[PDB]
Amino acid sequence: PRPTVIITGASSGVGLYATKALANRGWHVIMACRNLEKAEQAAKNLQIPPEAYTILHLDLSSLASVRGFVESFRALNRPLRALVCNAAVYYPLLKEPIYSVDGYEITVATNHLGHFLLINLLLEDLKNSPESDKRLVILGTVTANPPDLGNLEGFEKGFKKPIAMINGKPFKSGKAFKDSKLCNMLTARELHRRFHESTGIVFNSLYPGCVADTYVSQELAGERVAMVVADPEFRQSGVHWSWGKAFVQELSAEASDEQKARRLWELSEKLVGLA
Ligand SMILES: NC(=O)c1ccc[n+]([C@@H]2O[C@H](COP(=O)([O-])OP(=O)(O)OC[C@H]3O[C@@H](n4cnc5c(N)ncnc54)[C@H](OP(=O)(O)O)[C@@H]3O)[C@@H](O)[C@H]2O)c1
Ligand SMILES: [Cl-]
Ligand SMILES: [Cl-]
Ligand SMILES: [Cl-]
Ligand SMILES: [Cl-]
Ligand SMILES: [Zn+2]
Ligand SMILES: [Zn+2]
Ligand SMILES: [Zn+2]
Ligand SMILES: [Zn+2]
Ligand SMILES: [Zn+2]
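Trainee: Residues and numbers for the site of ligand 1, please.
Mentor: Neighbouring residues of ligand 1: 24 residues in total, closest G9, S11, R34, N86 and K181. The contact in question runs from an oxygen atom of ligand 1 to an N or O atom on the backbone of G9, over 2.8 Å. A distance of 2.9 Å separates an oxygen atom of ligand 1 from a polar backbone atom of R34. If you tally residues by element for the shell around ligand 1, the top one is helix 1 (residues 13-24), at 3 residues. Grouping the constituent residues of the shell around ligand 1 by class yields 11 nonpolar, 9 polar and 4 charged.

Right under this line is the structure:
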């Protein structure tokens, strides 16, 4: 009897050490990955036993792929205990936006909108599971409090070319990334508010520390993801765990983001075909 956790972006970095850590605690990790070849090599290289994992293809930049990943998880007939939204892309060199298969600026489309659809479909799976300690963890920003969503003008007007930023202003890829990470935080917050009572699922977020990409190792950061998913200390919905022993804060900490967080959620449903 082995409890199931899905990890997005599990074939490298933090996601890969997180899957290692959770397997060592005796979990069965669904490595939901873009690149099946790299996922297979990585799994074997870290010496993880075949019972501890299953690789399923997931491309967060395609909503058809998010839907299809979900049907494939369901076919396993494994009760879901947890979900980790860890996958993040970042294209620092782009001067011009790239638009996903579904027509959305790719950074926001992958980091936010694809995780948004994934979360919303898997809530059904999460709420129907008979596991008692069910968590949904999102990798977010340093603190729950540069990114600026404005009045969401870009999302209000449908978020298609020529719109490449959530606030409807000219494309900036580094800001797009930060915007996207803000969306992840706002979404965690809003999952707690909308669903924690009705389901009893723990909805939290974390920041495992600054990590070597383009003061903390991938191994440790991955251990810290595992802690947030699995250990009794971290079993509390509505909060952000940060390593800068963790500082904890309420996801709803910043009161003036309340309206934004709600409007973000409603616009996101529209963008991914839930409304
Ligand atoms: N460095 C910082 O100071 C800083 C700042 C803010 C946030 N963070 C957080 O730290 C975390 C580091 O994560 P990491 O080490 O796992 O990242 P990483 O190894 O540097 O590379 C990106 C990850 O995203 C996955 N991915 C990319 N595109 C995808 C797609 N279209 N569909 C599905 N998966 C995709 C990749 O694996 P596959 O392509 O094989 O799936 C890979 O695991 C991030 O989640 C980020 O939010 C760090
Ligand atoms: Cl597939
Ligand atoms: Cl797929
Ligand atoms: Cl409660
Ligand atoms: Cl759908
Ligand atoms: Zn596939
Ligand atoms: Zn999100
Ligand atoms: Zn109650
Ligand atoms: Zn509670
Ligand atoms: Zn409130």
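On we go from here.
Trainee: Describe in detail unusual backbone geometry, supporting the description with residues and values.
Mentor: In this model, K161 is joined to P162 through a cis peptide bond whose omega is 10 degrees. The topology assignment puts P162 in the loop between helix 5 (153-156) and helix 6 (173-199). Positive phi, normally seen in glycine, also occurs at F159, with a value near 60 degrees. Tracing the sequence through the fold places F159 in the loop between helix 5 and helix 6.

Trainee: Quick one: what's the story with the environment of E124, residue by residue and with numbers?
Mentor: Tracing the chain through its elements places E124 in helix 4 (residues 106-128). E124 sits in the partly exposed class, given a relative accessible area of 39%. The spacing of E124 and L46 is 78 residues in sequence and 32 Å in space, taken between C-alpha atoms.

Trainee: Residues and numbers for the pattern of salt bridges, please.
Mentor: If the charged atoms of two oppositely charged side chains come close together, the side chains can form a pair. A complete count under the given rule lists 17 salt bridges for this structure. The residue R235 makes a salt bridge to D133 at a minimum N-O spacing of 3.3 Å. If you follow the salt bridges from partner to partner, you end up with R189, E190, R193, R194, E258 and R262 in one network.

Trainee: So what's going on with helix 2 (residues 36-45)? Residues and values would help.
Mentor: Of all the positions in helix 2, only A39, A42 and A43 are classed as buried. Buried residues of helix 2 fall within an arc of 100 degrees about the axis and therefore sit on the same side. Facing away from the buried surface of helix 2 by more than 90 degrees, the exposed residues are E37, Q41, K44 and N45. Looking at the buried side of helix 2, the elements it contacts are helix 1, strand 2 (28-33) and strand 3 (53-57). The N-cap of helix 2, judged by a side-chain oxygen 3.4 Å from the amide nitrogen of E37 a few residues on, is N35. Positioned one or two residues after helix 2, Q47 has a phi angle of 65 degrees, which is positive.

Trainee: Tell me about the nonpolar core, residues and numbers included.
Mentor: Among the nonpolar cores identified, the biggest contains 49 residues, and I6, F69, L118, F155 and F159 are the most heavily contacted of them. The set of elements that each furnish at least two residues to this core consists of strand 2, helix 3 (63-75), strand 4 (80-85), helix 4, strand 5 (135-139), helix 6 and helix 8 (258-271). It is helix 4 that provides the largest number of residues to this core, a total of 10 residues. Formed by 36 residues, the second largest nonpolar core is a distinct cluster that contains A10, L16, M31 and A82.

Conventions and cut-offs
- Residues numbered from 1 in each chain as written, not as in the entry; some residues may be left out.
- Chains lettered and ligands numbered in written order.
- Heavy atoms only, no water.
- Near = heavy atom within 4 Å.
- Polar contact = N/O pair within 3.5 Å; in protein donor to acceptor, adjacent residues only side chain to side chain.
- Helix = DSSP H or I, 4+ residues; strand = E, 2+ residues; numbered from the N terminus.
- Nonpolar A, V, L, I, M, F, W, Y, C, P; charged D, E, K, R; others polar.
- Buried < 20%, exposed > 50% of the residue type's maximum accessible area, 1.4 Å probe, protein only.
- Salt bridge = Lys/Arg side-chain N within 4 Å of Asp/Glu carboxyl O.
- Arc of directions from axis to C-beta.
- Contact = heavy atoms within 4.5 Å.
- Core = buried A, V, L, I, M, F, W, Y, C linked by side-chain atoms within 4.5 Å.

The analysis is restricted to geometry; functional conclusions fall outside its scope.
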